[PDB]
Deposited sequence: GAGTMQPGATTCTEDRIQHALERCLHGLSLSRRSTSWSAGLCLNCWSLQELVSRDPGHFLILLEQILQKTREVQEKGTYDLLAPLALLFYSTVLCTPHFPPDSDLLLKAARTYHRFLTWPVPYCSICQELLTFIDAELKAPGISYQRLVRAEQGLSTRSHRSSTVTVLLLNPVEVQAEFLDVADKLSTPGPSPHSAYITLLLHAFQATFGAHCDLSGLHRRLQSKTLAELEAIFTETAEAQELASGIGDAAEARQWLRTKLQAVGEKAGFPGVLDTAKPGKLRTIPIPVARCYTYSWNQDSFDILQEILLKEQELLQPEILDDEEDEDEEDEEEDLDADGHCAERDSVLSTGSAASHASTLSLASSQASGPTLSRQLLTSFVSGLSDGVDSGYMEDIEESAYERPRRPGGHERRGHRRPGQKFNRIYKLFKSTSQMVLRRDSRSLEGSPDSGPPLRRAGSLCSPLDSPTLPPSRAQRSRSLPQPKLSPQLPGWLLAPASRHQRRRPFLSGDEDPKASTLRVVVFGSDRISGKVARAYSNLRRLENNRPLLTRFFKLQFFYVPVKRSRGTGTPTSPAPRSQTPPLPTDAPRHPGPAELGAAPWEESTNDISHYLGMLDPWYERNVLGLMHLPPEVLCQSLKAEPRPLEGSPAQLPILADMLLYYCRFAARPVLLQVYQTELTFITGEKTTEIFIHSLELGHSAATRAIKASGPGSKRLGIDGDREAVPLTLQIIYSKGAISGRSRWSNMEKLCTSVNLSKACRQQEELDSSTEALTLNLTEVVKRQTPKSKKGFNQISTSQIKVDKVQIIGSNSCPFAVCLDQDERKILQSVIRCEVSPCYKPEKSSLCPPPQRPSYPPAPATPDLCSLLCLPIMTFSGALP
């Protein structure tokens, strides 16, 4: 009853408390009952919002639960309930099909999914063709946060040995089929004396049996064959009685071990250390966890753009591999939480558990909308490929700053809030790309300051999922020459919804760009600025961009 209340409190948002209430093996089955009831209500009432969090909670609980009872019908009821979801739209029926396959695999092989996840994360020996492993990198500058640095240190500890990982995997696999009829204490005592090679052989045999049983085709026959094979393996390896040996021996949770997380600071050098950790792994998939505020959003987008330019002839992706990116805020997180309520409640909101949960159970990538900026200089050289979230354009003190920077130094004074002398500004904006009809419009006047903002920064009070850009004319000319009425003098905040922008200066009036107060980039002396809108940065979230 209290588990149902905790579930209800979790949905209408609590989270770690809800996960920790499941301390007893029967709490797993109780929570599964509650989740199935909530899912049935959701389907009956057609509530699209609650499907993804409920699906994820069911997946996690079934992954962690030990030894579904032989008489239990949770798996069959869940299979029917989800198979009823095939008439739902694509982002929901996709999760439906994923859970249906997962449920079928867990019903045929009771501990297939937990064994798969733990074996992949710990990088244990695999006899399957093209063996896979999971590596976690926590990219933490030493100036991110003390609490987050400490939690990364806790995750960075090597912790369990391959011996202990094999013991835990074998214990979970044998309990998932022999729940209360196996002596887990005696089995662990016998396993503690086993050698590493023996443990590896036993684990490989059990894993092969589970994979074979996962595709038998008949649930009862698959379970019977897996039970027979596990009994044979136990008899071969000298295991004690595992068939109805002792009723007193009750269930044990066997929680997921801490994944082998590596904490290395890359110092914002465009993801250089990823190649180093590839090389170390040589001597599959890797999970990148990015910690930091908005100040490193530019660094992250440059790094990913460089990686997406380079991987075509780099060993990171040519070797069997999968690169996943996770972001923790410590405003990308605002946008992600706006799209994903689960991300808002769990990540954007004892902490190592949540980081591991986000790493393990976030499988839907959301492509962050980034803007491609190209600047044509006053000297004839053309620069391209600049990525931002907002932009401040036209400042003459900023072009003095860019001239001070030159071709090999930082643009000191590009931070904005600087007086600008009037310049000859041409504004070109493209409108109407919602219907595929791009309409270009032109103005040519005198201007000092222009704001180029993304609605996603303030999308909480606007049209849902609006990828458009806002061009704002405000605080213009009055900063230096308030009496210059010929140009854009004063001008209250005027907003134009735009998608592509071209702002053109003049040689006698040099132009400048402020890239969210990023002074690291070098741009010599620019005049023409072109901003254009699948793009970049697929940050993983629990549920993708629901339509």
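Gaps in the model relative to the deposited sequence occur at 1-14, 28-44, 315-516, 564-607, 627-654, 839-867, listed in sequence order.
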